[PDB]
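Letter by letter, the chains look like this.
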Amino acid sequence: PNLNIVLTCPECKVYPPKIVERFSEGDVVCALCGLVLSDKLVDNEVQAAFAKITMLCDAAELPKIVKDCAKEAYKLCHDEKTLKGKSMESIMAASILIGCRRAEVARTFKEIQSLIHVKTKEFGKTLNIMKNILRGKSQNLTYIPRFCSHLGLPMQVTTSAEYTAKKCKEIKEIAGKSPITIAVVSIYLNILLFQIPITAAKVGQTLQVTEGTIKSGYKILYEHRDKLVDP
Amino acid sequence: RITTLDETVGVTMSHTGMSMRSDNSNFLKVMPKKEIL
Amino acid sequence: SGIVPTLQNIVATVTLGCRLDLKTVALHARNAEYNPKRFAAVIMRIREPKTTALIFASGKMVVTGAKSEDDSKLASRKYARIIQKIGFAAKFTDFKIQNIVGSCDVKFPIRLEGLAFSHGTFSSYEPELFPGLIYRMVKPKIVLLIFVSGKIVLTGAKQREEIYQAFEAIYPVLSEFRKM
Amino acid sequence: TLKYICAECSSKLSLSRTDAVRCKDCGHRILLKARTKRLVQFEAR
Ligand SMILES: [Zn+2]
Ligand SMILES: [Zn+2]
């Protein structure tokens with residue numbers, strides 16, 4: 001009920017307040033008549049969830065920003081009707097993957113699936129409903145460097161792979177059959193361009209892509225070798 | 001003594017975090033009614 | 001345009017009105033399957049129209065596999081006659097189509113990521129989980145599966161016009177997001 | 001856009017906003033601010 005205080009110059013009165021504030025003198029003054037306006041300026045469910053979530057993101061070594069985006073997300077979902085279940089494992093993984101997305105970081109469905117057993121398809125449905133709720137409350141490329149890390153590849157290899165991913169997506173032809181296959185194949189091409197051996201089975205194991213898949217991607221990718229060359 | 005792993009360090013970290021690799025080992029994986037009666 | 005969706009599957013329900021002895025039904029039908037341990041219904045089939053029926057003890061029946069509404073009612077009446085012929089006091093009632101599936105080809109590739117970004121509140125696209133974009137239309141309330149190839153799947157319809165309505169409504173959008 | 005410099009290779013970048021922060025041609029995330037072009041005056045006193 002009212003209670004809002006406004007500062008106005010009784011001698012000026014011309015405008016609303018147009019003033020400056022002097023922190024050192026700790027006083028506030030009308031900039032016009034130079035009058036001092038003021039003086040002596042002074043200088044249960046949830047907690048359990050965020051606990052286990054905390055543990056999960058921690059083991060995942062995700063930076064606190066991601067952790068906190070997921071926390072925020074989860075609070076919004078919380079107890080709502082439409083969720084109607086999922087036992088608290090699905091929600092924690094969903095909210096996590098969200099906070100990853102929203103944080104511009106990328107994590108594969110498989111990776112989170114390695115931290116938690118969500119049964120997969122059930123996970124997709126929960127993730128979609130949560131996504132819908134966020135809209136109501138109103139991009140593979142990042143994966144490419146992360147994979148190099150796993151292989152410990154030189155920088156030039158990584159950037160080559162980035163050019164390769166953009167070029168491959170534009171040329172279409174299979175649309176990608178999920179991004180993961182394209183990211184790994186793009187690498188496999190780029191590395192085979194260079195002399196550095198990973199061979200094949202080692203990358204298929206290490207990065208968990210079916211060897212047949214990498215070779216299959218390789219043939220079509222090989223066909224378009226013409227236009228993928230950065231220099 | 002203690003042995004220092006000399007690798008590119010990327011491979012070791014990939015195995016550390018979420019690796020997209022799971023399982024591969026198992027530990028704590030955890031007469032009718034008339035005549036009948 | 002010029003493209004009109006093709007109907008691919010029609011699912012219907014029918015009330016027979018009397019209780020059934022499933023072992024008897026399965027035993028007497030010419031084309032029946034019944035394993036109580038797997039599913040609680042006799043899976044009966046007829047050759048014309050080629051369909052499959054799920055027959056329950058309550059006398060309720062689900063008929064699926066038909067490509068037209070005509071074929072659905074026809075095959076349903078036929079299944080009901082079989083039950084009668086086996087000896088139960090069945091009646092063909094409450095025939096109602098519950099789901100209609102349709103599909104077509106727009107003949108050009110589509111940019112799913114652009115579409116998902118633009119029509120975000122109706123779209124769901126996770127290419128690593130499933131390659132098609134799931135579009136949930138408001139009016140009519142139809143679900144469309146959109147693929148990079150330009151092939152389209154429409155489902156959730158109770159009437160044929162809804163399949164036709166949804167495609168007409170989606171076509172301009174698919175055009176806006178074409179690749180060539 | 002505004003001109004920056006890499007940490008190590010000292011290459012001129014001039015990356016724009018929403019490019020995050022990284023060098024192109026190497027991974028160093030340390031970017032120098034590429035000294036002002038306009039003239040600065042001193043008194044030798
Ligand atoms: Zn004043
Ligand atoms: Zn540099």
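Residues numbered from 1 in each chain as written, not as in the entry; some residues may be left out. Chains lettered and ligands numbered in written order. Part of a larger assembly, values for the part shown. Heavy atoms only, no water. Residues with missing side-chain atoms left out of burial classes, pairs and counts.

This entry lists cryo-EM as its structure determination method and reports a resolution of 8.80 Å.

Engineer: How do you make sense of the pairing of strand β10 (residues 151–157) of chain C when you look at a structure like this?
Structural biologist: Working note: regular strand, side chains alternate between the two faces of the sheet. Residues and elements named next belong to chain C. Examined bridge by bridge, strand β6 (residues 93–105) and β10 share five bridges and lie antiparallel to one another. By the bridge assignment for β10, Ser-103 is matched with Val-153. Across four bridges, the pairing between strand β9 (residues 143–146) and β10 is antiparallel. In the strand pairing of β10, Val-143 is matched with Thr-155. Where β9 folds back onto β10 in an antiparallel hairpin, the turn is made up of four residues, including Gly-150, whose phi is positive at roughly 100°. (Pairing = 2+ DSSP bridges. Helix = DSSP H or I, 4+ residues; strand = E, 2+ residues; numbered from the N terminus.)

Engineer: Mind showing me how you'd approach the interface of chain A and chain C here?
Structural biologist: One frequent convention defines the size of an interface as the accessible area lost when the parts assemble. Taken together, the contact pairs 15 residues of chain A with eleven residues of chain C. Buried area between chain A and chain C, both sides added, is near 1,200 Å², and the carbon and sulfur share of it is 58%. On the chain A side of the contact with chain C, A:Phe109, A:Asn128 and A:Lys172 bury the most area, a combined 39% of that side's loss. Counting every contact that joins chain A to chain C gives one salt bridge. One salt bridge in this structure joins A:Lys131 and C:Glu126, with 3.3 Å as the shortest N-O distance. Elements that contribute at least two residues to the side of chain A that touches chain C include exactly α5 (121–136) and α8 (179–193) of chain A. (Contact = heavy atoms within 4.5 Å. Buried area = accessible area lost by both parts, 1.4 Å probe. Salt bridge = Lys/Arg side-chain N within 4 Å of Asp/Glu carboxyl O.)

Engineer: What is the right way to look at the sheet that holds strand β1 (residues 19–22) of chain A in this model?
Structural biologist: By way of backbone hydrogen bonds, the strands of a sheet pair with one another, either parallel or antiparallel. Residues and elements named next belong to chain A. The three strands lie next to each other as β1-β2-β3, forming an open sheet whose pairing is antiparallel. The sheet is open, and its two edges are formed by β1 and β3 (36–39), each paired on a single side. Going across the sheet, the axis of each strand differs from the next one's by a mean of 15°, ignoring polarity. Across three bridges, strand β2 (residues 27–30) lies against β3 in antiparallel orientation. Note that in β3 the partner of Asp-27 across the bridge is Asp-39. (Axes fitted to C-alpha atoms, helices over the stretch in contact; angles between N-to-C directions.)

Engineer: What is the right way to read helix α3 (residues 89–102) of chain A from this model?
Structural biologist: Each α-helix winds once per 3.6 residues, and so residues spaced three or four apart point in a common direction. All names here are of chain A. Spanning 14 residues, α3 covers 20 Å between terminal C-alpha atoms, matching the ideal 20 Å at 1.5 Å per step. By the criterion of burial, α3 is predominantly enclosed, with eleven of the 14 residues buried. Those residues of α3 that sit buried are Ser-90, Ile-91, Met-92, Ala-93, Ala-94, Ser-95, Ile-96, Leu-97, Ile-98, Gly-99 and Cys-100. Considering only its buried residues, α3 is in contact with α1 (45–59), α2 (64–77), α4 (109–115) and α5. (Expected span 1.5 Å × (residues − 1). Buried < 20%, exposed > 50% of the residue type's maximum accessible area, 1.4 Å probe, protein only.)

Engineer: Would you mind showing me how to read the coordination of the zinc ion (ligand 1) here?
Structural biologist: Ideal values for angles at a metal depend on the geometry: 109.5 degrees with four tetrahedral donors, 90 or 180 degrees with six octahedral donors. Residue and element names in this part refer to chain A. Only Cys-9 (SG), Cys-12 (SG), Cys-30 (SG) and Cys-33 (SG) from the protein coordinate the zinc ion (ligand 1), and they sit 2.3 to 2.5 Å from it. Taken together, the four donor atoms coordinating the zinc ion (ligand 1) span angles of 92 to 133° at the metal, a pattern that classifies the geometry as tetrahedral. Sequence positions of the residues that donate to the zinc ion (ligand 1) give the spacing C-x2-C-x17-C-x2-C. Looking at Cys-30, the relative accessible area reads 5%, which means it is buried. (Donors = N, O, S within 2.8 Å, 3.2 Å for Na, K, Ca; no water. Tetrahedral: all angles 85-135°; square planar, octahedral: opposite > 155°, others 65-115°.)

Engineer: Explain the sheet that holds strand β3 (residues 42–46) of chain C to me, please; I cannot follow it from the model alone.
Structural biologist: Residues and elements named next belong to chain C. Ordered in space as β2-β3-β4-β5-β1-β6-β10-β9-β8-β7, the ten strands form an open sheet in which the pairing is antiparallel. Strands with a single pairing partner mark the edges of an open sheet, and in this sheet they are β2 (32–33) and β7 (123–124). Note: strand β8 (residues 133–136) against β9, four bridges, orientation antiparallel. Within β9, the position partnered with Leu-133 by the bridge is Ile-146. Lying over the sheet, helix α2 (residues 69–86) contacts β1 (6–15), β3, β4 (51–55), β5 (60–66) and β6, oriented at roughly 115° with respect to β3.

Engineer: Would you mind going over the coordination of the zinc ion (ligand 2) with me for this structure?
Structural biologist: All names here are of chain D. Looking at the zinc ion (ligand 2), one finds its protein donor set to be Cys-6 (SG), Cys-9 (SG), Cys-23 (SG) and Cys-26 (SG), positioned 2.2 to 2.3 Å from the metal centre. For the zinc ion (ligand 2), the donor residues sit on a single chain with the sequence spacing C-x2-C-x13-C-x2-C. Judged by its relative accessible area of 32%, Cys-9 is partly exposed.

Engineer: Sorry, what's going on with the arrangement of the chains here?
Structural biologist: Between all three pairs of chains that are in contact, chains A and B come out with the most contacts. At their nearest point, the C-alpha atoms of chain B and chain D are still 14 Å apart, with no contact between the two. No interface is formed between chain C and chain D, the nearest pair of C-alpha atoms being 19 Å apart.

Engineer: Got a minute to help me understand the nonpolar core in this structure?
Structural biologist: Nonpolar side chains in soluble globular proteins tend to end up buried together. All names here are of chain C. Of all hydrophobic cores here, the largest spans 32 residues; its most connected members are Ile-110, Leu-144, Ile-146, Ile-152, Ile-170 and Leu-174. Only β1, β6, α3 (112–118), β8, β9, β10 and α4 (160–176) provide two or more residues apiece to this core. The biggest single contributor to this core is α4, with seven residues. The two domains that each donate at least three residues to this core are domain 1 (1–11 + 98–180) and domain 2 (12–97). (Core = buried A, V, L, I, M, F, W, Y, C linked by side-chain atoms within 4.5 Å. Domains from an automatic or database assignment.)

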